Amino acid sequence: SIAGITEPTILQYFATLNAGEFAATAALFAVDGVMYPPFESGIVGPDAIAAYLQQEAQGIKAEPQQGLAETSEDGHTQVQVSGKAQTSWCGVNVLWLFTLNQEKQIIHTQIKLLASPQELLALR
């Protein structure tokens, strides 16, 4: 769970991610949902998304600490979550920005790294 956030979709995003259930994580997105990761351009659809997560977020532990949520006037739920994404040898501070549709699918996710020198030695 995350401080300030009780939205089930977001809890599952991080739950499944930390179990290596990458296609389950990716299932949370609408079929044309987009992930915007730190170093590449956008990735479209659960398959490209699940590929990305499995062959990148390998060996990573996402550590969501706190979050905010809003409803925009078009009925979408906006959820911002801050935390860390660590490994054993290095980590990074992270802002996760989610937007959900009325059906609770992820329409898009942006992952922003809050920059440092360890981040500059990324594989990407």
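Quick note: we count residues from 1 along the sequence shown, nothing fancier.
*Take the C-alpha B-factors listed in the entry for 53 to 61 and for 72 to 80, compute each mean, and give the stretch with the larger one.*
Mean C-alpha B-factor is greater for 53 to 61.
*Averaging C-alpha B-factors over each stretch, which comes out higher, 40 to 48 or 91 to 99?*
Stretch with the greater average CA B-factor: 40 to 48.
*Where the record places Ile106 (Cα B-factor, split into thirds across the chain)*: Within its chain, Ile106 is a lowest-third residue by C-alpha B-factor, going by the deposited values.
*Rank-wise, by C-alpha B-factor, drop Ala19 into the lowest, middle or highest third of its chain.*
Top third by C-alpha B-factor.
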